[PDB]
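The residues making up each chain are set out below.
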Amino acid sequence: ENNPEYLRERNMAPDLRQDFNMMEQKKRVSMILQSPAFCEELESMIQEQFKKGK
Amino acid sequence: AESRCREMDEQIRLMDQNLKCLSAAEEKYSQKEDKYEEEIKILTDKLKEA
């Protein structure tokens with residue numbers, strides 16, 4: 001029980017730990033990448049915005 | 001008087017050595033207490049927000 005993984009955990013403020021647990025359960029980043037249509041849509045958005053840039 | 005004082009000398013010498021170890025033992029218990037209290041208090045706070 002001497003590794004730093006224990007260390008930060010008891011140096012966590014409790015609410016930050018619980019927010020980590022909740023957004024761990026929530027998994028937003030995985031859903032946004034797994035959805036095909038919105039992913040390739042935002043790819044098109046940034047691509048032709050870059051194309052308009054130079 | 002001389003012989004009786006000399007005879008009692010060994011008893012004081014040996015069970016003084018007996019006293020010395022028990023001192024460090026109770027010191028070790030005094031160390032063990034505090035970190036138990038601090039783990040209790042942090043656990044209580046996390047429980048409360050739960």
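For every chain, the first residue of the written sequence is numbered 1, i.e. counting runs from 1 onward, and this need not coincide with the entry's numbering; residues without coordinates are not included. Lettering for chains starts from A, numbering for ligands starts from 1, and both go in the order in which the items are written. All values in this entry refer to the displayed chains, which constitute part of a larger assembly. To get the side-chain values, take all heavy atoms of the structure and skip hydrogens and water.

- Labelled according to the PDB entry, chain B appears under the name Tropomyosin 3, originating from Sus scrofa.
- The header of this PDB entry states its title as "Structure of mammalian spectrin-actin junctional complex of membrane skeleton, State I, Global map".

- If you check the PDB entry, chain A appears there as Adducin 1 from Sus scrofa.

**Looking at a nonpolar patch on the surface**
Residue and element names in this part refer to chain A.
And then number 1: Patch criteria: residues need more than 30% relative accessible area and no salt bridge. Like-charged residues are merged within 9 Å; nonpolar side chains of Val, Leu, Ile, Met, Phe, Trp and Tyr are merged within 5 Å. Per-residue and other accessible areas follow the Shrake-Rupley method at a 1.4 Å probe size, with only the shown protein chains counted as cover for residues. A carboxyl oxygen of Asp or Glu within 4 Å of a side-chain nitrogen of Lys or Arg is what we treat as a salt bridge. Side chains of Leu16, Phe20, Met22 and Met23 sit close together on the surface and give an oily, nonpolar patch of about 390 Å² of accessible area.
And then number 2: If you trace the backbone, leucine 16 turns up in helix α2 (residues 14-26).
And then number 3: On the basis of relative accessibility, which here comes to 40%, the residue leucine 16 falls in the partly exposed class. The helix count covers DSSP runs of H or I at least four residues long, the strand count covers runs of E at least two residues long, and both are numbered beginning at the N terminus. Here the term buried applies to any residue with accessible area under 20% of the maximum for its type, exposed to any over 50%, and partly exposed to those in between, with areas from a 1.4 Å probe on protein chains only.

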